[PDB]
Amino acid sequence: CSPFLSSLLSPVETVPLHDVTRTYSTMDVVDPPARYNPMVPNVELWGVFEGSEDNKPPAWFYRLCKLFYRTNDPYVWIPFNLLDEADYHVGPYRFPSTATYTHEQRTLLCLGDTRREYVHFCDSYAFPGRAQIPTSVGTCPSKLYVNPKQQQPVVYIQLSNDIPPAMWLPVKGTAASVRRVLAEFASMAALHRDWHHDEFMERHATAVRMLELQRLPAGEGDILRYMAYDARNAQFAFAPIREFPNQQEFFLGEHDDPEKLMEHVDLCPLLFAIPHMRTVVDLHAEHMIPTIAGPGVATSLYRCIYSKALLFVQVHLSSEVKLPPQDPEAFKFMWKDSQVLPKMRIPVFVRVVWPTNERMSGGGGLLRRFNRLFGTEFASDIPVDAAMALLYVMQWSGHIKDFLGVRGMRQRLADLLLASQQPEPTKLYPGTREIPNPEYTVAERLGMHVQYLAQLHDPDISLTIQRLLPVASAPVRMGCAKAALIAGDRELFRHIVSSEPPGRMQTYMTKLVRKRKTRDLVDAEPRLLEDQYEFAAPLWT
Amino acid sequence: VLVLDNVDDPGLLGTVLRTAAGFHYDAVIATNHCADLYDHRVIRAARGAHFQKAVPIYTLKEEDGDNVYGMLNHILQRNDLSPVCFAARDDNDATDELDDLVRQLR
Amino acid sequence: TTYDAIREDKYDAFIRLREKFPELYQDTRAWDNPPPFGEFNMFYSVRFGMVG
Amino acid sequence: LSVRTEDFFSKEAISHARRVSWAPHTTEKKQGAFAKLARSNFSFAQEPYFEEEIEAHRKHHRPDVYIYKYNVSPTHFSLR
Amino acid sequence: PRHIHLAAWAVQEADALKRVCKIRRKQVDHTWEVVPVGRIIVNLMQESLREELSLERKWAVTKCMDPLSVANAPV
Amino acid sequence: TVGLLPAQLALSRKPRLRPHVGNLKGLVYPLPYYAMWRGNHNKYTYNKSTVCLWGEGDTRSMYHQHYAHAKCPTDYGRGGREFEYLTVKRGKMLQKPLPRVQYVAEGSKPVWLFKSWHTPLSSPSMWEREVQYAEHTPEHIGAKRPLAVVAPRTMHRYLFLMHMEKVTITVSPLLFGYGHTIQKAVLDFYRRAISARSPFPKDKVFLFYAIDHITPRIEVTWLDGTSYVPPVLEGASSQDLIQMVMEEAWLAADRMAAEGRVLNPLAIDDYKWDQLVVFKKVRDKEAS
Amino acid sequence: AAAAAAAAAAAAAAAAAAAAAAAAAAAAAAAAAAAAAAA
Amino acid sequence: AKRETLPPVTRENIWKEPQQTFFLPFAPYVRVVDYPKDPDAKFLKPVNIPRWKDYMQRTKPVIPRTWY
Amino acid sequence: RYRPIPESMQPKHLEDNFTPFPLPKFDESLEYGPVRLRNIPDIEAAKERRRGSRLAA
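Residue numbers (PDB author numbering), protein chains in the order written: chain XN, 58 to 101, 123 to 150, 200 to 668; chain XO, 239 to 344; chain AE, 91 to 142; chain Bf, 27 to 68, 75 to 112; chain XJ, 238 to 312; chain Ap, 16 to 303; chain UI, 1 to 39; chain Bc, 79 to 146; chain BA, 27 to 83.
Right, here's the structure in full:
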């Protein structure tokens, strides 16, 4: 009894297609073409009394303000622009007009009440504008809110207007604590500037030269846009991947046009506009066509604005379980004149790489409550901005349900197993090796989700594969083999391929990995050659 | 319609093919790890089953891209057919998918 | 022909994309913005030598 | 300068008339759609002459309107 | 020879990181295969050939590089 | 990179590809092999008239139905082997303004359609026009979007009557007895219609004999209520009739889609498999 | 959950040398034994 | 104008950097990559890096472009 | 008091109609399109910048 299982069993009714015996209505047809209508716009009390007269300075707040006023490179310096008691901003948190959150999501982000008012009294450390070059001086300041009616002297730090109260960093109400919390971000920004400023200067110079070459306006905005574009022409080897020790993968759901999600990722306000590495996912390009022995992974690396963490998005074009047609001429004849094309299923993961921090994540409790609220799987040490950016991107795309972690993938795999055990509904045509059906079935989706679980580093992936292998179908065995390759279990992959009976499945499984001889994998038992036995088992260990 | 599930015995498979040809079955389908339809023992058992047009023989393998259960369901739905199963031996009660699901949920 | 819908639509779309996505269609700039004369050109400019 | 994916990958050499659109998504080849659907991979004549194309709706229903000695249409003239 | 080829391939795979090239896939000598790994070189032979040419004994018995060793008569 | 071995460029024993070293006279432009197909020489460049096929230098004055419409008279150049890979001409370059789209209002905001290969090619959205102007929308036919400019160039040998609600064929047995080719054309069209692709084609196909021995005719009425009659004339085959009917059906489908009514797209079905069997038979026969 | 998914890379010792096979390098200096120098 | 007036001062980079004696490939091929675990697996190699066929074929700039 | 910084690290001024790379430039007909994606915060930011510039003018 889960939404995923319900969708798998009784899928929604799509464009009906009648026939002489039945009517197929659950086909996952591609989204009709997009359009842009200029007529449609892009967009879609107690606080007053406190500001007027009720506001009163308590002892602790007065002490903190006095310490900040006394103050006891711009990247490292932490300013504090204290306002006047009459000039304090009093009111609730107002989401920007471009906020697609639901009412429940807004309530959760406001902690059970959107009417709550937070008093903002001074600014704080500044961060560069999103469009600006990433290694630029801080421009947009941070805010320091304080709840006028709170039992404990809590002070909230808001890095920007795009993060709601649920992500505001709480502080112990001490000037030293606030200074240390801000110094964490200041030092992180200074390190980022010291590390990646020369690379961005080189990119800026190359962008200027390219604009000079291809006659184009050379304004500052034009140069910034061309740097963001040249992010496309970034080499994988010279990429800031594996930078910070901490890593964690997340699943962003299966899609059909990954560029549509990557556009949301690019336009996320919490990420810079000049990524270190970008790759357009043209599924129709000769090198990006998904296949069982598919091309691989399209990687795009973005850096967060405030906490200099990295979102390494990976569109896995390789993940597939559907065998190529054995009669391509007949398949083309079948699907030539068809005006209905089944929607693809390509997975997109994201590695979050963040520095070892003790205050940027908020002490752990903030992300613990965030996880308890949103059913996510964020690590307690994740920087707040990275988690907020991921949540915002998923909400904007419309795949919050598909935004799953290791436990979510485990539950999805369990639901897929339940669906596999239950009888499979019929489809347009059964599909044969000569003319396969481009419609993902229960077994194929189960194999793909096993691969996804393996991709999301799981200590129990090997055990799960070993338990699934005895009872499973050929697509599931293919998925298990690919999962074993992803994990790095050479012995498990060799066992799977040896157990696999002869067929095109085993052929493609052998073709997957880089091997010495196909016999080393195919021959479960050493087969004498020239009156000599070869033991290739040690190779795969 | 006839479906042969995990025969694995060339002589038994050939005799079954001969019986199907004699009874003029509409179509016979070898579904699960059945003995190779083209084998010396199978041909010895079946004199002319492979060369008879009346009894079309199909070999569906999930390891070559064929959704055999999908094909069976499609045939059943199209022809308004009824399924009947026959097992040479009995069938006990034992499963581990429930344990796997429990572990995944935990 | 005085108004061919196919040509008109295709040309209008081409121009609109070239104008609104200069980065993506940078290579098409040379079609309408030829390099100026008097500046070094890779395939044309030949400079004198020296005597030593 | 340096190495780039523009240098890496080469586009299709297709004429403007044949090209359905210049959009980035349509930049690829037509057979790419079939290749993706199947999850697999896979010359002008000596005197290539084409008679000029006309809009579908106008060409299939051409009004029989004429002038002094020239056919007159909202898009085309002619002689008769 | 099959064992020799498999061992040579395994050594090359272990060196894959800094390895620049692979060995031949058609064993020229069916009783001796040598994999050079930078300053290190691995020689895989059969027992008969190993006993025939005692490279181990020669390289264990040969004296170290004495600078004064060159102070002798030519040969 | 540095670990790989690049091709020698400065020093090498291999042939350095400079055919112009001892074959060209005077100034040589760095453009490699610009005067190669001429015979690797840069002489006899003062000639204005050269050997020309149709569509080349001196044929501009002459008329050729193809080039007269597909090539500007001033764009003609030199002969085949004398092609102009590189031209240098003194003068003040003139950047003539590019053509301006016509029949478009001023300040109008168009509608943009994002074409992508994800949409199947057969869909009418691909043949639609990317930039859509409000003044290009026929508002009296009910259309919301402008009509597609391009149409598929397929030769319809079978009939697909899914988008048409009814088909009526009037025929005359007395004219059959007379023995006119129009009779056979209409009869074959009716046979192909009743063997068309739509499920139960006889449901939509109807045949009425000539109650008054009138000239045979065909009438196809679509879901929109509009009707179309393919002009039946002598020297018209069932193939031509089906081509006309299918082209007009595609046009009607485009008009209905522009109006804004959902139209059931076609998909592979029993008729598709029945065509597959014959296609496989044809392939086998060709292979034999 | 969080601990199950998160992966923290090991601590890379400062100025750590790596051999051809990427194995961790321990302090080891070699000098010509046959050479009888002054130290 | 060129024959009459002086040309602009030479850029510092032009006369300080050398003219590279080699011409590196348009699509250099690097089979080595540290992203996928167990690099023996081919189906995880990044697609953004060139193939050997691309490395050999890409002897000229991209189609629309003319200048190197 | 603030330490001097280079022009490279100093922030760059932006025009009233500036948008990042993925978004298109500004034109009279297509004000901020063509973009299928909706609810773009940067387009609203550009509109606010235009309003501020107009008010200043």
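Where a beta carbon is used, it is the ideal one built from N, C-alpha and C, also for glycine.
- Burial state of XO:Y307 is buried, judged by a 10 Å Cβ sphere holding 16 or more other Cβ atoms.
- The residue from XN:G256, XN:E456, XN:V624 and XN:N564 with its alpha-carbon nearest to that of XN:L398 is XN:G256.
- A direct Cα-to-Cα measurement between Bf:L63 and XN:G558 gives close to 13 angstroms.
- Taking Ap:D203 as reference, the option from Ap:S252, Ap:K217 and Ap:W237 with the minimal CA-CA separation is Ap:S252.
- Taking C-beta atoms as the reference points, XN:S488 and XN:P510 count as a pair closer than 9 angstroms.
- Look at AE:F133: its C-beta is under 9 angstroms from a C-beta on chain Bc.
- XN:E244 has XN:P219 as its beta-bridge partners, per DSSP.
- For XN:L394, at least one C-beta of chain BA is nearer than 9 angstroms to its own C-beta.
- Within chain UI, not a single residue places a beta-carbon under 7 angstroms from that of XJ:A244; the smallest gap is close to 16 angstroms.
- Under a criterion of Cβ atoms nearer than 9 angstroms, the residues of chain XN adjacent to XO:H312 are, in order, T553, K554, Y556 and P557.
- A Cβ-Cβ contact shorter than 9 angstroms links Bf:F82 with Ap:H81.
- The beta carbon of XN:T83 sits closer than 6 angstroms to the beta carbons of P68 from its chain, once the five residues preceding and following it are set aside; these are given in chain order.
- For the 9 angstroms CB-CB criterion, Bf:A88 and Ap:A166 form a contact.
- Going by beta carbons, XN:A361 and XN:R430 fall outside the 9 angstroms limit.
- At a Cβ-Cβ threshold of 9 angstroms, Ap:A208 and Ap:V182 count as neighbours.
- In the DSSP annotation of this structure, the continuous segment of the beta strand (DSSP E) that includes XN:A425 starts and ends at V424 to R430.
- Runs of the beta strand (DSSP E) spanning 3 or more residues and lying entirely within the stretch 122 to 174 of chain Ap occur at 126 to 128, in chain order.
- The way I'd put it, the stretch 90 to 99 of chain XN does touch the stretch 113 to 131 of chain Ap; three or more beta-carbon pairs between them come closer than 8 angstroms.
- The beta carbon of BA:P50 is closer than 8 angstroms to those of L56, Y58, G59, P60 and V61 in its chain, skipping five residues each way along the sequence.
- According to the DSSP assignment, XN:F377 belongs to the beta strand (DSSP E) that extends over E376 to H382.
- Of all alpha-carbon atoms in Bf:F60, Bf:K37, Bf:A43 and Bf:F68, the one lying nearest the alpha-carbon of Bf:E54 is that of Bf:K37.
- For XN:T645, the closest of XN:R621, XN:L438 and XN:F312 by C-alpha to C-alpha distance is XN:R621.
- Between Ap:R206 and the set Ap:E234, Ap:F221, Ap:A268 and Ap:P161, the nearest pair of CA atoms involves Ap:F221.
- For Ap:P135, the closest C-alpha among the options Ap:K296, Ap:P280 and Ap:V292 is that of Ap:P280.
- For BA:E54, the C-beta contacts it makes with chain Ap under 8 angstroms involve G122, in order along the chain.
- When DSSP states are grouped into helix, strand and coil, AE:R106 belongs to the helix group.
- The beta carbon of XJ:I278 sits closer than 8 angstroms to the beta carbons of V271 and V272 from its chain, once the five residues preceding and following it are set aside; these are given in chain order.
- Counting only residues of its own chain and dropping the five nearest sequence neighbours on each side, XN:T262 has a CB closer than 7 angstroms to the CB of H319, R320, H323, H324 and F327.
- Against chain XN, the beta carbon of Bc:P124 has neighbours under 7 angstroms at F363, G423, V424 and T426, listed in chain order.
- Per the C-alpha coordinates, the member of XN:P297, XN:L65, XN:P474 and XN:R79 positioned closest to XN:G491 is XN:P297.
- The residue from XJ:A308, XJ:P304 and XJ:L243 with its alpha-carbon nearest to that of UI:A37 is XJ:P304.
- Counting only Cβ-Cβ distances below 8 angstroms, XJ:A247 has contacts in chain XN at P665 and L666, in chain order.
- DSSP assignment within the stretch 522 to 585 of chain XN yields the following whole alpha helix (DSSP H) runs of 4 residues or more, N-terminal first: 533 to 548 and 569 to 582.
- Counting C-beta pairs closer than 8 angstroms gives three or more between the stretch 248 to 258 of chain XO and the stretch 276 to 287 of chain XO, which meets the contact rule.
- For the C-beta of XN:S224, the chain BA residues within less than 7 angstroms are, from N- to C-terminus, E70.
- The beta carbon of XN:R539 lies closer than 7 angstroms to those of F61, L531 and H576 in the same chain, with the five residues before and after it left out.
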